[PDB]
Amino acid sequence: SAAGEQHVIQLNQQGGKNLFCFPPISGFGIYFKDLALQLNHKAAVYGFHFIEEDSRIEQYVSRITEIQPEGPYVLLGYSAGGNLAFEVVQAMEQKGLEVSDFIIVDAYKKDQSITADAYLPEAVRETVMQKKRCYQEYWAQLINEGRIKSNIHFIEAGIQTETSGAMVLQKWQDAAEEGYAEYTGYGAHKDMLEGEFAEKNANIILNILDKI
């Protein structure tokens, strides 16, 4: 890393399975705080940030194996983080590492590149927003290709008021070499891992972990 810092926060106690979590477009691992609270002393939740450097994938693999030197590994991605994590899974597998299970919380397989999407002095505002801007640019250009060996667990939103026929085609069935499962979770997309819904969606995640 740029300054020897890390790009992940351990958000609850160690124990059970390690769950390596990749963030939504806001870009910071603290996003997973509510999930971590719900899984405290059940699974160890590590919340990654979006790494701005082009070597990000290698760095994620390096950090995961530092934390947990022996597989198999379990990864999770929420929203944009599902698309990012899929790339990390592929990288890990290409190195011969075993990713047993990949939990995708309301992310949709990204098949084409697209165009990218206060209380602060403008100079601070720009620095503070840099990670999210970088992530927006990375996500816009990103294309998830092919399959992973890892079992896929797709957890969709429980409230869905604007589903396209196009989105239903991008629920990751074509991305599984082996195991695929789909689950209806709780809440609208933006709310799933926060507030009241974190508890209900965490139960799904734990049930998945418990069945491995």
# chains A, B, ... in the order shown; residues from 1 in each chain; ligands from 1
>>> select_by_dssp(residues="range 137-187 of chain A", states="strand (DSSP E)", output="PyMOL selection string")
chain A and resi 151-156+180-184
>>> write_last_selection(atoms="C-alpha atoms", output="PDB file, in the first residue's frame")
ATOM      1  CA  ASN A 151     -20.453 -21.978  -4.927  1.00  0.00           C
ATOM      2  CA  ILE A 152     -22.532 -18.869  -5.534  1.00  0.00           C
ATOM      3  CA  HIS A 153     -25.161 -17.695  -3.048  1.00  0.00           C
ATOM      4  CA  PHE A 154     -27.259 -14.876  -4.530  1.00  0.00           C
ATOM      5  CA  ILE A 155     -29.380 -12.949  -2.004  1.00  0.00           C
ATOM      6  CA  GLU A 156     -31.785 -10.545  -3.712  1.00  0.00           C
ATOM      7  CA  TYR A 180     -25.676 -21.958  -7.396  1.00  0.00           C
ATOM      8  CA  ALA A 181     -28.395 -20.941  -4.971  1.00  0.00           C
ATOM      9  CA  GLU A 182     -30.771 -18.007  -4.829  1.00  0.00           C
ATOM     10  CA  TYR A 183     -32.427 -16.544  -1.757  1.00  0.00           C
ATOM     11  CA  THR A 184     -34.902 -13.761  -1.263  1.00  0.00           C
TER      12      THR A 184
END
>>> closest_residue(among="A:96, A:81, A:29, A:15", to="residue 68 in chain A", atoms="only C-alpha atoms")
A:15
>>> closest_residue(among="A:108, A:16, A:147, A:130", to="residue 163 in chain A", atoms="only C-alpha atoms")
A:108
>>> atom_distance(atom1="CA of residue 125 in chain A", atom2="CA of residue 190 in chain A")
23.7 Å
>>> residues_around(residues="residue 21 in chain A", least_positions_apart="2", cutoff="12 Å", atoms="only C-alpha atoms", output="PDB file with N, CA and C atoms, in the first residue's frame")
ATOM      1  N   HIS A   7      -6.184  -1.935   4.131  1.00  0.00           N
ATOM      2  CA  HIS A   7      -7.402  -1.581   3.434  1.00  0.00           C
ATOM      3  C   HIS A   7      -8.585  -2.429   3.866  1.00  0.00           C
ATOM      4  N   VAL A   8      -8.610  -2.788   5.142  1.00  0.00           N
ATOM      5  CA  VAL A   8      -9.660  -3.633   5.717  1.00  0.00           C
ATOM      6  C   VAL A   8      -9.774  -3.360   7.199  1.00  0.00           C
ATOM      7  N   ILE A   9     -10.975  -3.434   7.725  1.00  0.00           N
ATOM      8  CA  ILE A   9     -11.225  -3.283   9.149  1.00  0.00           C
ATOM      9  C   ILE A   9     -11.851  -4.584   9.660  1.00  0.00           C
ATOM     10  N   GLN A  10     -11.259  -5.159  10.699  1.00  0.00           N
ATOM     11  CA  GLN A  10     -11.911  -6.237  11.444  1.00  0.00           C
ATOM     12  C   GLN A  10     -13.013  -5.668  12.318  1.00  0.00           C
ATOM     13  N   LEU A  11     -14.276  -5.999  12.013  1.00  0.00           N
ATOM     14  CA  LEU A  11     -15.422  -5.290  12.568  1.00  0.00           C
ATOM     15  C   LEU A  11     -16.212  -5.948  13.713  1.00  0.00           C
ATOM     16  N   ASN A  18     -14.243 -16.759   8.638  1.00  0.00           N
ATOM     17  CA  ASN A  18     -13.946 -15.377   8.250  1.00  0.00           C
ATOM     18  C   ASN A  18     -14.763 -15.042   7.015  1.00  0.00           C
ATOM     19  N   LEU A  19     -15.410 -13.895   7.045  1.00  0.00           N
ATOM     20  CA  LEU A  19     -16.216 -13.406   5.937  1.00  0.00           C
ATOM     21  C   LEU A  19     -15.544 -12.132   5.420  1.00  0.00           C
ATOM     22  N   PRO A  23     -17.183  -3.705  -0.447  1.00  0.00           N
ATOM     23  CA  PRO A  23     -18.170  -2.653  -0.194  1.00  0.00           C
ATOM     24  C   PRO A  23     -18.961  -2.192  -1.416  1.00  0.00           C
ATOM     25  N   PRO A  24     -20.050  -1.493  -1.144  1.00  0.00           N
ATOM     26  CA  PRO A  24     -20.772  -0.780  -2.193  1.00  0.00           C
ATOM     27  C   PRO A  24     -19.947   0.456  -2.601  1.00  0.00           C
ATOM     28  N   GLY A  27     -17.428   2.894  -0.879  1.00  0.00           N
ATOM     29  CA  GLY A  27     -16.042   2.513  -0.972  1.00  0.00           C
ATOM     30  C   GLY A  27     -15.314   2.151   0.303  1.00  0.00           C
ATOM     31  N   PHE A  28     -15.937   2.312   1.458  1.00  0.00           N
ATOM     32  CA  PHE A  28     -15.283   2.084   2.741  1.00  0.00           C
ATOM     33  C   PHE A  28     -15.883   0.863   3.496  1.00  0.00           C
ATOM     34  N   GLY A  29     -14.987   0.077   4.074  1.00  0.00           N
ATOM     35  CA  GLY A  29     -15.345  -1.132   4.805  1.00  0.00           C
ATOM     36  C   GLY A  29     -16.249  -0.944   5.996  1.00  0.00           C
ATOM     37  N   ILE A  30     -16.255   0.256   6.611  1.00  0.00           N
ATOM     38  CA  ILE A  30     -17.124   0.549   7.740  1.00  0.00           C
ATOM     39  C   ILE A  30     -18.594   0.366   7.391  1.00  0.00           C
ATOM     40  N   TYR A  31     -18.885   0.317   6.083  1.00  0.00           N
ATOM     41  CA  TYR A  31     -20.228  -0.012   5.638  1.00  0.00           C
ATOM     42  C   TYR A  31     -20.793  -1.279   6.331  1.00  0.00           C
ATOM     43  N   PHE A  32     -19.934  -2.251   6.577  1.00  0.00           N
ATOM     44  CA  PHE A  32     -20.333  -3.556   7.099  1.00  0.00           C
ATOM     45  C   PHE A  32     -20.491  -3.584   8.631  1.00  0.00           C
ATOM     46  N   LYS A  33     -20.471  -2.429   9.274  1.00  0.00           N
ATOM     47  CA  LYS A  33     -20.606  -2.400  10.708  1.00  0.00           C
ATOM     48  C   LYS A  33     -21.880  -3.059  11.235  1.00  0.00           C
ATOM     49  N   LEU A  35     -23.829  -5.346   9.741  1.00  0.00           N
ATOM     50  CA  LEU A  35     -23.699  -6.755   9.527  1.00  0.00           C
ATOM     51  C   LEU A  35     -22.800  -7.413  10.583  1.00  0.00           C
ATOM     52  N   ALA A  36     -21.671  -6.768  10.865  1.00  0.00           N
ATOM     53  CA  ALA A  36     -20.713  -7.294  11.836  1.00  0.00           C
ATOM     54  C   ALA A  36     -21.329  -7.386  13.223  1.00  0.00           C
ATOM     55  N   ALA A  43     -19.551 -15.136  13.140  1.00  0.00           N
ATOM     56  CA  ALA A  43     -18.583 -15.103  12.051  1.00  0.00           C
ATOM     57  C   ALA A  43     -17.785 -13.828  12.148  1.00  0.00           C
ATOM     58  N   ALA A  44     -16.536 -13.880  11.725  1.00  0.00           N
ATOM     59  CA  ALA A  44     -15.658 -12.731  11.815  1.00  0.00           C
ATOM     60  C   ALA A  44     -15.780 -11.928  10.498  1.00  0.00           C
ATOM     61  N   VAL A  45     -16.279 -10.698  10.620  1.00  0.00           N
ATOM     62  CA  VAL A  45     -16.557  -9.871   9.468  1.00  0.00           C
ATOM     63  C   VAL A  45     -15.401  -8.887   9.269  1.00  0.00           C
ATOM     64  N   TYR A  46     -14.776  -8.985   8.096  1.00  0.00           N
ATOM     65  CA  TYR A  46     -13.711  -8.072   7.639  1.00  0.00           C
ATOM     66  C   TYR A  46     -14.274  -7.208   6.516  1.00  0.00           C
ATOM     67  N   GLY A  47     -14.302  -5.900   6.717  1.00  0.00           N
ATOM     68  CA  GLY A  47     -14.836  -4.975   5.725  1.00  0.00           C
ATOM     69  C   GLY A  47     -13.717  -4.287   4.965  1.00  0.00           C
ATOM     70  N   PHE A  48     -13.560  -4.625   3.697  1.00  0.00           N
ATOM     71  CA  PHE A  48     -12.556  -4.014   2.824  1.00  0.00           C
ATOM     72  C   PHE A  48     -13.016  -2.667   2.336  1.00  0.00           C
ATOM     73  N   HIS A  49     -12.041  -1.802   2.089  1.00  0.00           N
ATOM     74  CA  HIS A  49     -12.275  -0.609   1.302  1.00  0.00           C
ATOM     75  C   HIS A  49     -11.947  -0.875  -0.176  1.00  0.00           C
ATOM     76  N   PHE A  50     -12.454  -0.004  -1.039  1.00  0.00           N
ATOM     77  CA  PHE A  50     -12.018   0.047  -2.427  1.00  0.00           C
ATOM     78  C   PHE A  50     -10.581   0.590  -2.523  1.00  0.00           C
ATOM     79  N   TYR A  60      -5.769  -7.380  -2.460  1.00  0.00           N
ATOM     80  CA  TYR A  60      -6.857  -8.023  -1.722  1.00  0.00           C
ATOM     81  C   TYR A  60      -6.481  -9.453  -1.463  1.00  0.00           C
ATOM     82  N   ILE A  64      -6.099 -11.039   2.314  1.00  0.00           N
ATOM     83  CA  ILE A  64      -6.903 -12.175   2.714  1.00  0.00           C
ATOM     84  C   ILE A  64      -6.032 -13.316   3.226  1.00  0.00           C
ATOM     85  N   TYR A  73     -11.757 -20.251   1.609  1.00  0.00           N
ATOM     86  CA  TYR A  73     -12.117 -18.867   1.864  1.00  0.00           C
ATOM     87  C   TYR A  73     -13.568 -18.640   1.519  1.00  0.00           C
ATOM     88  N   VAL A  74     -14.168 -17.709   2.235  1.00  0.00           N
ATOM     89  CA  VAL A  74     -15.529 -17.243   1.937  1.00  0.00           C
ATOM     90  C   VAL A  74     -15.488 -15.730   1.732  1.00  0.00           C
ATOM     91  N   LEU A  75     -16.003 -15.307   0.599  1.00  0.00           N
ATOM     92  CA  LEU A  75     -16.134 -13.900   0.270  1.00  0.00           C
ATOM     93  C   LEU A  75     -17.594 -13.486   0.163  1.00  0.00           C
ATOM     94  N   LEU A  76     -17.851 -12.209   0.428  1.00  0.00           N
ATOM     95  CA  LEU A  76     -19.142 -11.576   0.272  1.00  0.00           C
ATOM     96  C   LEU A  76     -18.949 -10.220  -0.414  1.00  0.00           C
ATOM     97  N   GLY A  77     -19.874  -9.878  -1.280  1.00  0.00           N
ATOM     98  CA  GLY A  77     -19.950  -8.539  -1.887  1.00  0.00           C
ATOM     99  C   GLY A  77     -21.355  -8.031  -1.889  1.00  0.00           C
ATOM    100  N   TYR A  78     -21.546  -6.782  -1.502  1.00  0.00           N
ATOM    101  CA  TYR A  78     -22.849  -6.117  -1.573  1.00  0.00           C
ATOM    102  C   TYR A  78     -22.804  -5.063  -2.696  1.00  0.00           C
ATOM    103  N   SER A  79     -23.818  -5.088  -3.568  1.00  0.00           N
ATOM    104  CA  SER A  79     -24.000  -4.112  -4.629  1.00  0.00           C
ATOM    105  C   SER A  79     -22.738  -4.049  -5.490  1.00  0.00           C
ATOM    106  N   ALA A  80     -22.123  -2.879  -5.704  1.00  0.00           N
ATOM    107  CA  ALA A  80     -20.898  -2.804  -6.510  1.00  0.00           C
ATOM    108  C   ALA A  80     -19.820  -3.790  -6.035  1.00  0.00           C
ATOM    109  N   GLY A  81     -19.770  -4.010  -4.728  1.00  0.00           N
ATOM    110  CA  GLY A  81     -18.850  -4.938  -4.115  1.00  0.00           C
ATOM    111  C   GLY A  81     -19.033  -6.387  -4.556  1.00  0.00           C
ATOM    112  N   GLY A  82     -20.241  -6.770  -4.964  1.00  0.00           N
ATOM    113  CA  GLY A  82     -20.429  -8.069  -5.601  1.00  0.00           C
ATOM    114  C   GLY A  82     -19.621  -8.199  -6.897  1.00  0.00           C
ATOM    115  N   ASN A  83     -19.667  -7.150  -7.712  1.00  0.00           N
ATOM    116  CA  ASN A  83     -18.902  -7.124  -8.971  1.00  0.00           C
ATOM    117  C   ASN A  83     -17.402  -7.117  -8.720  1.00  0.00           C
ATOM    118  N   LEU A  84     -16.943  -6.334  -7.763  1.00  0.00           N
ATOM    119  CA  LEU A  84     -15.544  -6.321  -7.393  1.00  0.00           C
ATOM    120  C   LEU A  84     -15.093  -7.677  -6.822  1.00  0.00           C
ATOM    121  N   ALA A  85     -15.875  -8.217  -5.883  1.00  0.00           N
ATOM    122  CA  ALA A  85     -15.463  -9.422  -5.225  1.00  0.00           C
ATOM    123  C   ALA A  85     -15.354 -10.579  -6.225  1.00  0.00           C
ATOM    124  N   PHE A  86     -16.225 -10.612  -7.230  1.00  0.00           N
ATOM    125  CA  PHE A  86     -16.202 -11.664  -8.230  1.00  0.00           C
ATOM    126  C   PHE A  86     -14.799 -11.713  -8.887  1.00  0.00           C
ATOM    127  N   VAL A  88     -12.016 -10.698  -7.490  1.00  0.00           N
ATOM    128  CA  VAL A  88     -11.101 -11.224  -6.488  1.00  0.00           C
ATOM    129  C   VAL A  88     -11.202 -12.723  -6.417  1.00  0.00           C
ATOM    130  N   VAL A  89     -12.430 -13.256  -6.438  1.00  0.00           N
ATOM    131  CA  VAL A  89     -12.593 -14.723  -6.432  1.00  0.00           C
ATOM    132  C   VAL A  89     -11.815 -15.358  -7.623  1.00  0.00           C
ATOM    133  N   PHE A 102     -19.247 -17.961  -2.262  1.00  0.00           N
ATOM    134  CA  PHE A 102     -19.249 -16.549  -2.549  1.00  0.00           C
ATOM    135  C   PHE A 102     -20.671 -16.049  -2.377  1.00  0.00           C
ATOM    136  N   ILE A 103     -20.857 -15.132  -1.440  1.00  0.00           N
ATOM    137  CA  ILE A 103     -22.187 -14.586  -1.109  1.00  0.00           C
ATOM    138  C   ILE A 103     -22.343 -13.196  -1.749  1.00  0.00           C
ATOM    139  N   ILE A 104     -23.358 -13.077  -2.593  1.00  0.00           N
ATOM    140  CA  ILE A 104     -23.583 -11.891  -3.409  1.00  0.00           C
ATOM    141  C   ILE A 104     -24.877 -11.267  -2.911  1.00  0.00           C
ATOM    142  N   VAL A 105     -24.789 -10.087  -2.326  1.00  0.00           N
ATOM    143  CA  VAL A 105     -25.992  -9.486  -1.782  1.00  0.00           C
ATOM    144  C   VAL A 105     -26.429  -8.398  -2.764  1.00  0.00           C
ATOM    145  N   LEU A 193     -28.425  -4.219   4.362  1.00  0.00           N
ATOM    146  CA  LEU A 193     -27.407  -4.491   5.384  1.00  0.00           C
ATOM    147  C   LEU A 193     -27.331  -3.360   6.425  1.00  0.00           C
ATOM    148  N   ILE A 205     -27.180 -15.150   5.812  1.00  0.00           N
ATOM    149  CA  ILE A 205     -25.750 -15.301   5.661  1.00  0.00           C
ATOM    150  C   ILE A 205     -25.185 -16.336   6.642  1.00  0.00           C
TER     151      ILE A 205
END
>>> residues_around(residues="residue 141 in chain A", least_positions_apart="3", cutoff="8 Å", atoms="only C-alpha atoms", output="ChimeraX atom specification")
/A:112-116,137-138
>>> write_last_selection(atoms="N, CA and C atoms", output="PDB file, in the first residue's frame")
ATOM      1  N   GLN A 112     -21.504  -5.420 -19.479  1.00  0.00           N
ATOM      2  CA  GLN A 112     -20.998  -4.411 -20.401  1.00  0.00           C
ATOM      3  C   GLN A 112     -20.409  -3.230 -19.645  1.00  0.00           C
ATOM      4  N   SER A 113     -19.458  -2.565 -20.283  1.00  0.00           N
ATOM      5  CA  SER A 113     -18.899  -1.341 -19.743  1.00  0.00           C
ATOM      6  C   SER A 113     -19.899  -0.244 -20.027  1.00  0.00           C
ATOM      7  N   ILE A 114     -19.943   0.741 -19.147  1.00  0.00           N
ATOM      8  CA  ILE A 114     -20.784   1.895 -19.355  1.00  0.00           C
ATOM      9  C   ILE A 114     -20.062   3.186 -18.975  1.00  0.00           C
ATOM     10  N   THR A 115     -20.761   4.311 -19.117  1.00  0.00           N
ATOM     11  CA  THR A 115     -20.196   5.611 -18.761  1.00  0.00           C
ATOM     12  C   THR A 115     -20.304   5.795 -17.259  1.00  0.00           C
ATOM     13  N   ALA A 116     -19.273   6.387 -16.662  1.00  0.00           N
ATOM     14  CA  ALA A 116     -19.186   6.503 -15.204  1.00  0.00           C
ATOM     15  C   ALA A 116     -20.265   7.395 -14.625  1.00  0.00           C
ATOM     16  N   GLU A 137     -15.526   4.965 -11.437  1.00  0.00           N
ATOM     17  CA  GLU A 137     -14.822   4.826 -12.723  1.00  0.00           C
ATOM     18  C   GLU A 137     -14.406   3.374 -12.974  1.00  0.00           C
ATOM     19  N   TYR A 138     -13.973   2.704 -11.915  1.00  0.00           N
ATOM     20  CA  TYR A 138     -13.543   1.327 -12.006  1.00  0.00           C
ATOM     21  C   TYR A 138     -14.777   0.458 -12.327  1.00  0.00           C
TER      22      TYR A 138
END
